[PDB]
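Asker: Quick note: to get the deposited numbering, add 1 to the position in the sequence shown (first position is 1). The beta carbon of each residue, even a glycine, is placed where N, CA and C say it ideally should be. Could you have a look at this structure, given as structure tokens, before my questions?
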Amino acid sequence: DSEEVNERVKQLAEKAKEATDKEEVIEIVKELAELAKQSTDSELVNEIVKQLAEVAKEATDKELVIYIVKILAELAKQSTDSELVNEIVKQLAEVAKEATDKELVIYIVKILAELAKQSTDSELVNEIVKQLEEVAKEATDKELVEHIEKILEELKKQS
């Protein structure tokens, strides 16, 4: 049923945000991810993404954050719903901009590059370019800046 799955998500999300066992949180996130990937209900998927992004943005376990980022990337790449893809890009960019874990930032940069390269929507591509430029402007890592500059040139050349 609809109401029942909504309630399952509500309880999982609460449990995830409260739990102090990291393995437990990973398991909850995995269940949420499966529910989102199996759903054809945009409302449910949007709610799950909201909750996952909140867990990620509150978390202090790097493994959990990158796991959630991976889930969100997969949901975005598999979606044909521009509202959802835009929202995921927003969340990923917000995680990238404030992260102090360089591996996470370059993973997100790569995901964003892939989404842009795989898009024919100029609104999305332009937004990703904006976010990547902002990450590059703020970065103190020459290699990262060089990689972003390469991506931006590739995007320019592509379209």
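Could you give the first and the last residue of the continuous alpha helix (DSSP H) run that contains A77?
Answerer: By one-based count along the sequence shown, residue 77 stands at place 76. It spans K63 to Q79 - the alpha helix (DSSP H) in which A77 sits, taken as one unbroken run.
Asker: Using a Cβ-Cβ cutoff of less than 8 Å, which residues in the same chain neighbour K103 once the five nearest sequence positions on both sides are dropped?
Answerer: Translated into the one-based positions of the sequence shown, residue 103 becomes position 102. Once the five neighbours on either side are set aside, the close Cβ partners of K103 are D142 and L145.
Asker: Tell me which residues share the same chain as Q119 and place their Cβ nearer than 8 Å to its Cβ, disregarding the 5 neighbours each side in the sequence.
Answerer: Locating residue 119 in the sequence shown gives position 118, where the first residue counts as 1. Around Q119: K78.
Asker: Using only the alpha-carbon positions, how far apart do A17 and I89 sit?
Answerer: The residue you call residue 17 lines up with position 16 of the sequence shown. The residue you call residue 89 lines up with position 88 of the sequence shown. Their backbone Cα atoms lie some 19 Å apart in a straight line.
Asker: Which residue spans inside the segment 78 to 134 form an unbroken alpha helix (DSSP H) run of at least 4?
Answerer: For the segment 78 to 134, whole alpha helix (DSSP H) runs of length 4 or above, ordered along the chain, are 83 to 99 and 103 to 118.
Asker: Determine whether the beta carbon atoms of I109 and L125 lie at a separation below 8 Å.
Answerer: The residue labelled residue 109 in the question sits at position 108 within the sequence shown. The residue labelled residue 125 in the question sits at position 124 within the sequence shown. It is not a contact, given that the beta carbons lie outside the stated cut-off.
Asker: Could you check what DSSP says for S40 in three-state terms: helix, strand or coil?
Answerer: Within the sequence shown, numbered from 1, the residue matching residue 40 stands at position 39. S40: coil per DSSP, three-state reduction.
Asker: Indicate whether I72 and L53 have their beta-carbon atoms separated by less than 8 Å.
Answerer: In the sequence shown, the residue the question calls residue 72 occupies position 71. In the sequence shown, the residue the question calls residue 53 occupies position 52. Closer than 8 Å, so yes.
Asker: Between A137, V130 and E135, which has its C-alpha nearest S160's C-alpha?
Answerer: Counted from its first residue, the sequence shown places residue 160 at position 159. Measuring from the Cα of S160, the nearest candidate turns out to be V130.
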